[PDB]
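Single chain ahead, by itself, as structure tokens, in the form deposited in one PDB entry.
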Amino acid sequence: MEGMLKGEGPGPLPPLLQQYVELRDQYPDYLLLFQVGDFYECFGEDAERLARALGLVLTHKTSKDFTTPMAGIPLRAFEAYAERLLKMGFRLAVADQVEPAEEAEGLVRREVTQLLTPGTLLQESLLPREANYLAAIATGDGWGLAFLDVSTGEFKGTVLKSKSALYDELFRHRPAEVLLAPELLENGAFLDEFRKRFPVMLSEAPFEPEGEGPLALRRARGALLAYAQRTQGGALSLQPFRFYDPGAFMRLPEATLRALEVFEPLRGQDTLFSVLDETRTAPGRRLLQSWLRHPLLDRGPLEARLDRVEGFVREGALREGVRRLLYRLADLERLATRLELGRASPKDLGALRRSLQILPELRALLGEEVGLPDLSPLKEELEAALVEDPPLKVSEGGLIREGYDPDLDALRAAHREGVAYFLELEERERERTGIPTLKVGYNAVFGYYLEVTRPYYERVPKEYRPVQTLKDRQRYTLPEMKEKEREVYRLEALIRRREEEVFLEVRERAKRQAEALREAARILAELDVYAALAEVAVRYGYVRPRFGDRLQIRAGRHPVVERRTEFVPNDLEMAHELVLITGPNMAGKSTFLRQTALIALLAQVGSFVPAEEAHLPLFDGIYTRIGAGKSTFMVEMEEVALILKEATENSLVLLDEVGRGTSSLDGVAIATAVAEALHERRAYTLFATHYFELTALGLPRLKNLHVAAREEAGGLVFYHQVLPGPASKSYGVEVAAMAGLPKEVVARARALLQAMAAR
């Protein structure tokens, strides 16, 4: 069994290393950072792991019995070191010195304070502005999926019917850490797939149900709670749990978000989010992200969001003001969580103090209708307790302003006089002794002292007690000092105790405002997004979309591509029609299909869109077969299957070259069958193809569009007008030619084309 450390030597394990091992083996998969004084240390293999991982120095902690390897980091840089460690894949186990030193039974009590897992981080220097989720998956009457953002308290979940939907929902939440139920972990088949499709860190957790509802959900939830309650090291700050339904929002499958680069890019470029997000606050960025993750289906609310956006678009003044003020707004939502969790530092409070000071100016600028809570009381007391620039930890310098604590002002009082004492003494001695240069100094090793140089050694009085000798200076002590020096130390010792209580007292004051803090967060967060979205409209020429059943876009732009190029706008009019798009490659097709999707996605999120006029329907889902079973033809078909099993007459469907990857024959066939399928389905379908045949089909709701090329001076020039009607001819041979194919070889190809043409 386990209970032994690494290295060389016989005899027993020292009292300390003993305590080290005892905790170290309770968290087997965590790197234990042992708190020994002003350092976090690791011994044995764990010590070696550290040293190399962080390039630290490898030393040893020797004792009678044996000597073991040692590696440590100064607490000062804990988080600094933590971050690096985490990014490498380690879960940290922070073992701190609970009870103070001065009142310990020899060996200071040490227990693991908190656990640092990638998806349960609370340290604000370790978290992104974006939401950081922990996700749990379980089975038992369908698939159970739940999320928890330990830093904000967001706690939600749902149950999905397929393994497809689970992954979709999971992928739109971009979970930073996943808990897999027993069943799934065992099943080597599943796990492989999951681990392959979601390269996120996995972790063990008990899936004993919790609360009420579908068995699956109760297990996933219990898992989250169990795991997080362990890493926080105490009760969690949870928000009402949401058992939501993803059928109430627009469907954004994984293949759509990826292909559409909503959140992640394909060519290390920009993404829809990147381009759109100009929020100033973090909760704001979070909200906006939430909105994209699940676009609305309901006309009313969207037309609510669009009004407020339009508001700031008009009120340029106001818009720039609210944004000017939000620049200074801190993450109240998270700050409120840290407070409730009793983790709020003076730094946090200082920040809270600044944020709350902004409130009134926002109130004025927008009017008392904003509904912002009145925290003026809390705001003020903070300004009256904290220093203009709050320190990091309490025990150190001044945190509480002078004149706020009677008990503490008397302390700084006594200390000022006490220090002045030693100053007075210097001059008293410089006279009695006649030694002009005599200094009165201090230092940790010997305390307050009287200093005299060599030229005056024979001039020092009997009374002076030698304390320290130096190259050419000697330091003495008088009895008086000895006393007054301890009066200073006792004051200082009392000053910390109190300055820290006053802090804790004031903190708790802010902690009773957590809820108020939280609602201000929400209001300010929407405020942030609304102004942001408007900021984006103005800067980039977006316009308010109008919803209806007919989609009529006028001078369209792909919101991301136009960001890095003179983009040629284009039109579109669809209505449950089948719209084939033909024309030479490099012409514009796909930069057209994608454009359509994004426009739709922005509108149904409450944002203005990149066009001149846009009349859009409320799509129940955007499905794509763009870009991306051993073969390529099978993979693409697997997708068409999916798309075909969920698209409704209210889905926007985008097909790019479906039918490629096989024989010409099976090509057209499958394409035709599929095109006919989406046609009956009655969904809005854009199909970019190379089979001109599909354009001639005998379908009632079939429309045709095309892009073109003009063979001019230097070969072919591709314009991007998406003109009406089908493409006339193919430019393959022309392109090949342009690509350098030997002129005789091209000529031969032209002859063959014209021969086959003659039937």
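Residue numbers here begin at 1 and follow the sequence given. Definition used throughout: the rigid core is the maximal C-alpha set that superposes within 1.5 Å between two forms.
Not on display, but discussed next: the form deposited in another entry.
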Shift test between this form and the one not shown (rigid core reference, C-alpha, 2 Å or more cutoff) over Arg473, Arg681, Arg129, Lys163 hits only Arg473
Superposing on the rigid core, does the Cα of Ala709 end up 2 Å or more away between this form and the one not shown? no
Taking the rigid core as the reference frame, is the Cα of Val445 displaced by 2 Å or more between this form and the one not shown? yes
Core-aligned, does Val36 move its Cα 2 Å or more between this form and the one not shown? yes
